[PDB]
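Novice:
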Ligand SMILES: Nc1ncnc2c1ncn2[C@@H]1O[C@H](COP(=O)(O)OP(=O)(O)OP(=O)(O)O)[C@@H](O)[C@H]1O
Ligand SMILES: Nc1ncnc2c1ncn2[C@@H]1O[C@H](COP(=O)(O)OP(=O)(O)OP(=O)(O)O)[C@@H](O)[C@H]1O
Ligand SMILES: Nc1ncnc2c1ncn2[C@@H]1O[C@H](COP(=O)(O)OP(=O)(O)O)[C@@H](O)[C@H]1O
Ligand SMILES: [Mg+2]
Ligand SMILES: [Mg+2]
Ligand SMILES: [Mg+2]
């Protein structure tokens, strides 16, 4: 049974020829009797052996590459994922109902690529690069691969520039950097899309104020969301004007599993154009836990062995090689940046899930949104004891850095006291005082939705709480007391604080002057 | 035999048509093997070493013999690996003979009732959770709680007791190091050659860099080397440190041989694996010689979770249990023996009769102290019946403390428990401790240790002088 | 001669040879590929096919692509030429500074040092961290585990360990970045360019650190073998040069994680929770090479990421046995604001032995652990009663243990750029006496918060001075401070006039540098002869 006599059979040992000269002149008249049942043989083209659930097993296709775009004869595209010895496993970029057994598969010659450039700036796109907004094809745009390797050690530099988000809980406690990956994680309906959206709106508000090179081009990747939500987001971004700087990559729930798998890579490739051409990009991978689910389906139907919660083994590499493309390049590469905001939905606050722990270990910071802080009025529901950022200093406003340390410390003073709120002994009027300031700080940190704040009006508002100026009011009207503060302090303070970056010693003087000049309605 | 496929230390071998299950084979590269699962088309061979020297088409020769190790008195003092080959660099093994690693455990009529004690030198173990010769006692606990410290104290105390007993009742220890770091087991041979305990100690060592069949076979090799002493009328002491690592090596071999996995991917016969090993620790009858083999398996739990698979298996197999807690360790109680969760199914029938009359009050006082241990951190003092047990048990838990690598003879632990359960202990304020704990054994005259060791009991002609000598204790430090 | 690609599934390539198969762990080169793709033979499939893991991405591989055998494992440059260089998993320079001029390229695969060449001496590696040097003291020539979840301070602690030990060590250090962020690898590289550990240009030979990087963007084959590359650089520095080596490995967890991502594609049915069946033996074969032999010494510091703060996860639980010291970092300690967030109880070392470090150091460490365990047992009844009735023996052991908890914290030199406070180096005899004083009761008169984020015991009794001066302020509030405009400050409108006005372009620069190529509306396929044709309109 071993290969040595099996190779000896290649040498002829027939010793008689009373069938060979009989059937060799009988074979070709027999085969010609069935030539309309024969399909033509295939070598460099392909032919579908089996199709089902979005996977085509393709016979032939001798010279395909791994990860290569293929195109079926019915027009629907594909992607040669696992190249096995007798067939190619092709995932279908679309509905696989137009694929039959025996359909011809054509190799396109290209690894999968999307159109990148300034022409995508303003369009609503699918996960493969085609525009779905009904405004014609993509013009002033060029094709680029979706599997670019992330820039290495010598290509990067240290993250210094802020990229404020307009959410003062974020910009005060979890300060983002301009090339930093920050994970927004929480349960369902806890305000993660709200934080990413307010970040995009604040980049629209800041792009009409900075000189042409600190301008931030947002890219929103909607993975697995329904199409009504994406249309509502396009309506929001057009009615506020944020669509002039925003690209939207939309692989919805009706799309195929490889389209939702590939849409964060399409959005990252579209956002890497601004990173590589010296501009600054912002990429939001909304529902990265749905891209992992689409990848799980795509790999389970390719009959790869499942792992934790039936995910692939390489589902860490899926998000690591995606998120590591968010970098801040060196000056010889342009100095451009790309900052990622991946979103993970947890189940009942279980942070110890597989995809959640993987993306926590990948990204720099964390933004935790608890559903018990959400229903206590704290909006955004930032879990201040769990939301971490790697940069801390040297990535926020220098004015905010002087003020938010006394916020970070005193919220920690508030949290270690409030676990003794069943008795109320009010020890030496000190444990009473620190909660009576921390409740003011948590009520200060609340804000509305789709209304981001400039950073100067945030660091004035935390200046009015880390100092005095609000100890005279109840905790029920600080969301109106800070409106009284920003509305009645003279707006020439904000211009000086924006142009300086920190509070000059002539500016904290005038700021302490004008925070008693205002009439706050807190009684 | 021709290698069909090789990888992850598994060689699928065509041929070897008359090979036995569990038989040593030999490859072209000199590396050994073991025919583990024999299939209709090939043989699945576990590779005793690095399989990177085996290729497809390599010739596999069978040796005709099941896996055996050298046993005998020449294994004493020698550091062997998991297959009996020496790794101490002291030349080949003289004065030995080959015997199989997997021998059937002795049956019912081969047994005898476990009556004579095995002293570990740890007074918590010797007083509360006693060991007999021929017993399987699980040392279970989390990491870094002192399981190896209890095992090494037992070995060192067997060296200390081996000098004052005749030839017959001498205990010869075997330490099996399954999956440990190789620099850890050089510290142990340094400590055994420093204390003198290497004269009676065989040390089997399949380290972490060894192949998984070597770590799987190291407890059986150690049990064969200790069964030499059990079978010839002498007494052995076998210690499998981290049996939960031998289980992991067997899980690796079973999953790479594609045997169908069960709970926590362990095979169906992992209970059979550990029971085959631990049932070879027996107390033989006087017809076979009267030899004994005492086993101390070590199982590392995770967070006190004794509801794991391997932990429940070895708990179901062994006789007793020595549970070591993490929160007792940092509380000053070292050795951190959980007195409530440590069992001994042989019990009081295999302990020191001098200890049997004095530790019986001790375990009841400690159970009463455990029932009232929530009252200890209260300020408003209670009805003075619970204060009496809360002071008595809090001094008795201080009497069970012990430093590392200094085991105590049983006649000294007996008088140390008699000095504390009879009310003689430091009933003055307890800033006098260091000049009060060992002041009993350093100030009472050493004749009473000789009488207590020779009779084995606190006779009515001895407790009078015991209370007399315990009343005239000096404590000159105050 | 050569073999051909038979099957590509993910990062696992099956290569078929016609006679003379390569050995397991041999290196195979793929030619015809764009980048240099190195495959390492994992197993023999059986019908003259080997199964491999790739060191770069397998996108682009064709079934039938020519794969040539090297006849040897992955060989990397080792020696003095690698000092101050950044290497790949396969030994290429990725610092973009010439080639690596090092002689005697070594295989990354060897067996562990055998049993007779094992050192038994134990000398304390003083680090300057008063929770490390007191409770779980490190051993020079020993292996150190930095456990802890995501965000607890493993990388900051290993940065401070580099900045304390590796600058004042004399011998060479090796950093092995195994599956971590590339940003912090660039941060380490920059921070050692400035601090003089790495030098560039003609004075390259005066560098003391070799970087080997296998970060998160790499495929799982390149993260599974980069620890072997850093380890064989350290093994050349230990065996041949005879030096005493430092081997900092950031996240040795990613070694087991990278071996887990390929093990289902290697044909292995999964083990417990989702790791490979060969987890303990792969980790042992890696870690037993990191030893102190008779030739030289390797002092290894290893960060171990525990998944979701679970110490019972099998990938750190396997790591626990291979270490001499163990510094478990806890999230609940960092939630108190205490940094470094070392668990004072759960951290363990072999050096905590009175026969090694002395009966003063050992007894004060055991006393600190005793009072901290006593406070942890009292933390239950404090939250139900209130710490008011405990009769001055349990009320004192709360205050002493709270002063000890604050005194275990320490400002780091590498943490100045996100805390502001300057870093402190606290020596061993200088922390033993400082903890013995707060243990015996020499510093109960001091305030409790005065112990927080200081250095020596000669800093808490100065923070008490500064705290009692600063509470001696905030006393009077009539006038004469900055807010009255008469001192030196202009009007609010005149400070506006000091602003330089910036330009605004409103065209964003997107019409002058872009090569706007044309993309076809129709799709373009390749026919049987390889020619480029449009898609044939016949479905
Ligand atoms: N700052 C805020 N103030 C008031 N309401 C808010 C705020 N942020 C979010 N919300 C409300 O919370 C709800 C959930 O918001 P959002 O969609 O951002 O959460 P989500 O986690 O993305 O939800 P899903 O998990 O369904 O995608 C929205 O209806 C929104 O109105
Ligand atoms: N009775 C004791 N007194 C003082 N220290 C002790 C005692 N027992 C153990 N130790 C210390 O506890 C540490 C751990 O001990 P040991 O190695 O015996 O536990 P282990 O459970 O075997 O650890 P591991 O699981 O890591 O092998 C050792 O460093 C030792 O010095
Ligand atoms: N010694 C320290 N002092 C102050 N903050 C620290 C310290 N160590 C860690 N941190 C905080 O923890 C964050 C993450 O720490 P890091 O070293 O990245 O841990 P890991 O590598 O385990 O994620 C840092 O951004 C820093 O703010
Ligand atoms: Mg959402
Ligand atoms: Mg041990
Ligand atoms: Mg890290």
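Chains as they are written, first to last, in the working numbering: chain A, 6 to 528; chain B, 903 to 1380; chain C, 35 to 573. Don't be surprised by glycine CBs; every beta carbon is placed ideally from N, CA and C.
What distance in whole Å lies between the Cβ atoms of residue 462/C and residue 167/C, which are believed to be in contact at a cut-off of 8 Å?
Specialist: To locate residue 167/C, count along the third chain from 1; it is residue 133. To locate residue 462/C, count along the third chain from 1; it is residue 428. Contact between residue 167/C and residue 462/C holds, with the beta-carbon distance rounding to 5 Å and staying under 8 Å.
Novice: Under a Cβ-count criterion, where at least 16 other Cβ atoms within 10 Å of its own Cβ denotes burial, should residue 262/A be classed as buried or exposed?
Specialist: As a first step, residue 262/A is located in the first chain; it is residue number 257 there, counting from the start. When all chains shown are included, residue 262/A counts as buried.
Novice: Determine contact between the region 177-192 of chain C and the region 352-359 of chain C, defined as no fewer than three beta-carbon pairs at a distance below 8 Å.
Specialist: yes
Novice: So what does DSSP say about residue 520/A, is it helix, strand or coil?
Specialist: Sequence index remark: in the first chain, residue 520/A carries index 515 (1-based). In this structure, residue 520/A counts as coil in the three-state DSSP scheme.
Novice: Just to check, is the beta-carbon of residue 220/C closer than 8 Å to a non-hydrogen atom of ligand 6?
Specialist: Counted from its first residue, the third chain places residue 220/C at position 186. Checking the Cβ of residue 220/C against ligand 6 gives no.
Novice: Give me the residue from 522/A, 127/A, 394/A and 120/A with the minimum Cα distance to residue 149/A.
Specialist: Numbered from 1 along the first chain, position 144 holds the residue referred to as residue 149/A. Comparing Cα positions, the closest option is 120/A.
Novice: Let me make sure I understand the geometry here. Which of 1202/B, 1377/B, 957/B and 1158/B has the alpha-carbon closest to that of residue 1335/B?
Specialist: Indexing the second chain from 1 puts residue 1335/B at position 433. Of the candidates 1202/B, 1377/B, 957/B and 1158/B, the one whose C-alpha sits nearest the C-alpha of residue 1335/B is 1377/B.
Novice: Taking the CB atoms as reference points, tell me whether residue 1034/B and residue 1045/B lie closer together than 9 Å.
Specialist: To locate residue 1034/B, count along the second chain from 1; it is residue 132. To locate residue 1045/B, count along the second chain from 1; it is residue 143. No, these two residues do not count as a Cβ contact at 9 Å.
Novice: Counting C-beta neighbours from all protein chains within 10 Å, is the total for residue 101/A 16 or more, i.e. buried, or is it exposed?
Specialist: Here the question's residue 101/A lines up with position 96 in the first chain. Residue 101/A should be labelled buried.
Novice: Quick one: which residues of the region 322-349 of chain C get their C-beta closer than 9 Å to a C-beta of chain A? List them in chain order.
Specialist: 339, 341, 342, 343 and 344
Novice: Counting by C-beta, which residues lie closer than 7 Å to a heavy atom of ligand 4, in chain order?
Specialist: 197/A, 198/A, 230/A, 291/A, 292/A and 348/A
Novice: Any chance the CB of residue 380/C is under 8 Å from a heavy atom of ligand 2?
Specialist: Residue numbering aside, residue 380/C sits at position 346 when the third chain is read from its first letter. No, the Cβ of residue 380/C stays beyond 8 Å of every heavy atom of ligand 2.
Novice: Is any heavy atom in ligand 2 found nearer than 8 Å to the beta carbon of residue 321/C?
Specialist: The residue given as residue 321/C occupies position 287 in the third chain. No, the beta carbon of residue 321/C sits no closer than 8 Å to any heavy atom of ligand 2.
Novice: Once the 5 residues before and after residue 536/C are set aside, which same chain residues still bring their CB inside 6 Å of it?
Specialist: In the third chain, the residue the question calls residue 536/C occupies position 502. If we look at residue 536/C and ignore the five residues flanking it on each side, it has no Cβ neighbours.
Novice: Residues near ligand 3, CB to any non-hydrogen atom under 6 Å, in chain order?
Specialist: 393/A, 395/A, 397/A, 182/C, 184/C, 185/C, 186/C, 187/C, 188/C, 189/C, 190/C, 373/C, 374/C, 446/C, 449/C, 452/C and 453/C
Novice: Give the straight-line distance between the Cα atoms of residue 473/C and residue 413/A, rounded to the nearest whole angstrom.
Specialist: Taking the third chain and counting its residues from 1, one reaches residue 473/C at position 439. Taking the first chain and counting its residues from 1, one reaches residue 413/A at position 408. For residue 473/C and residue 413/A, the distance between alpha carbons rounds to 31 Å.
Novice: Using the beta-carbon count (16 or more within 10 Å), is residue 1284/B buried or exposed?
Specialist: Within the second chain, the letter at position 382 stands for residue 1284/B. Looking at its Cβ environment, which holds fewer than 16 other Cβ atoms inside 10 Å, residue 1284/B is exposed.
Novice: Among the residues of its own chain, which have a CB less than 8 Å from the CB of residue 279/A, if the five just before and after it don't count?
Specialist: Within the first chain, residue 279/A is the residue found at index 274, counting from 1. Excluding positions up to five away in sequence, the list reads 222, 285, 286, 341 and 343.
Novice: So residue 55/C contacts chain B; which residues on that side make the cut at Cβ distance below 7 Å?
Specialist: Locating residue 55/C in the third chain gives position 21, where the first residue counts as 1. Near residue 55/C (Cβ distances below 7 Å), the residues of chain B are 957 and 958.
Novice: Taking C-beta pairs closer than 8 Å, name the residues in chain C that residue 467/A reaches, listed in chain order.
Specialist: Counting from 1 along the first chain, the entry for residue 467/A is found at position 462. Those within 8 Å of residue 467/A in chain C number zero; the least Cβ separation is about 18 Å.
Novice: Examine the Cβ distances between the region 233-251 of chain A and the region 300-316 of chain A and report whether three or more of them are shorter than 8 Å.
Specialist: no
Novice: Name the residue from 62/C, 300/C and 81/C whose alpha carbon lies nearest to the alpha carbon of residue 70/C.
Specialist: Taking the third chain and counting its residues from 1, one reaches residue 70/C at position 36. Taking only the C-alpha atoms, the option nearest residue 70/C is 62/C.
Novice: Taking C-alpha atoms, which residue in 1141/B, 1358/B, 1041/B and 986/B lies nearest to residue 1260/B?
Specialist: Counting from 1 along the second chain, the entry for residue 1260/B is found at position 358. Nearest C-alpha to residue 1260/B: 1358/B.
Novice: For residue 462/A, which residues in chain C fall below 8 Å Cβ to Cβ?
Specialist: Locating residue 462/A in the first chain gives position 457, where the first residue counts as 1. What residue 462/A touches in chain C: nothing, since even the nearest Cβ is about 16 Å away.
Novice: At least one CB of chain C closer than 9 Å to the CB of residue 989/B: is that the case?
Specialist: In the second chain, the residue the question calls residue 989/B occupies position 87. So, interface residue.
Novice: Could you check whether residue 468/A and residue 444/A sit closer than 9 Å to each other, using their CB atoms as the reference points?
Specialist: Counting from 1 along the first chain, the entry for residue 444/A is found at position 439. Counting from 1 along the first chain, the entry for residue 468/A is found at position 463. Residue 444/A is not a Cβ neighbour of residue 468/A, given a cutoff of 9 Å.
Novice: Counting only runs that start and end within the region 433-464 of chain A, where is the beta strand (DSSP E) found for 3 or more residues in a row?
Specialist: none
Novice: Please state whether DSSP places residue 1201/B in a helix, a strand or coil.
Specialist: Position 299 of the second chain, counted from the start, is the residue given in the question as residue 1201/B. Looking at residue 1201/B - three-state DSSP - the assignment turns out to be strand.
Novice: Please report the distance separating the alpha-carbon of residue 97/C from that of residue 64/C.
Specialist: Here residue 97/C corresponds to residue number 63 of the third chain, with the count starting at 1. Here residue 64/C corresponds to residue number 30 of the third chain, with the count starting at 1. When rounded, the distance between both Cα atoms is 12 Å.
Novice: Three or more C-beta pairs closer than 8 Å, one from the region 1058-1078 of chain B and one from the region 1115-1135 of chain B: is that the case here?
Specialist: Counting C-beta pairs closer than 8 Å gives three or more between the region 1058-1078 of chain B and the region 1115-1135 of chain B, which meets the contact rule.
Novice: Reducing DSSP to helix, strand and coil, say where residue 155/C ends up.
Specialist: Position 121 of the third chain, counted from the start, is the residue given in the question as residue 155/C. If DSSP states are grouped into helix, strand and coil, residue 155/C belongs with coil.
Novice: For the putative contact between residue 260/A and residue 72/A, defined by C-beta atoms under 8 Å, what is the C-beta separation to the nearest angstrom?
Specialist: For the purposes of this step, residue 260/A is taken as residue 255 along the first chain, with counting starting at 1. For the purposes of this step, residue 72/A is taken as residue 67 along the first chain, with counting starting at 1. So it is not a contact: roughly 19 Å between Cβ atoms.
Novice: Residue 273/C lies in the alpha helix (DSSP H); which residues open and close that run?
Specialist: Working through the third chain from its first residue, we reach residue 273/C at position 239. It spans 260-273 - the alpha helix (DSSP H) in which residue 273/C sits, taken as one unbroken run.
Novice: Are there any heavy atoms of ligand 6 lying less than 8 Å away from the beta-carbon of residue 247/C, as far as the coordinates show?
Specialist: On the third chain, position 213 is the one that residue 247/C refers to. No - ligand 6 has no heavy atom lying nearer than 8 Å to the Cβ of residue 247/C.
Novice: Among residues of its own chain, excluding the 5 on either side of residue 1278/B, which ones have a beta-carbon nearer than 8 Å to its beta-carbon?
Specialist: The count along the second chain starts at 1 and reaches residue 1278/B at position 376. 1292 and 1296.
Novice: At a cut-off of 8 Å, is residue 192/A close to ligand 1 when judged by its beta-carbon and the heavy atoms of the ligand?
Specialist: Taking the first chain and counting its residues from 1, one reaches residue 192/A at position 187. Yes, ligand 1 has a heavy atom inside 8 Å of this Cβ.
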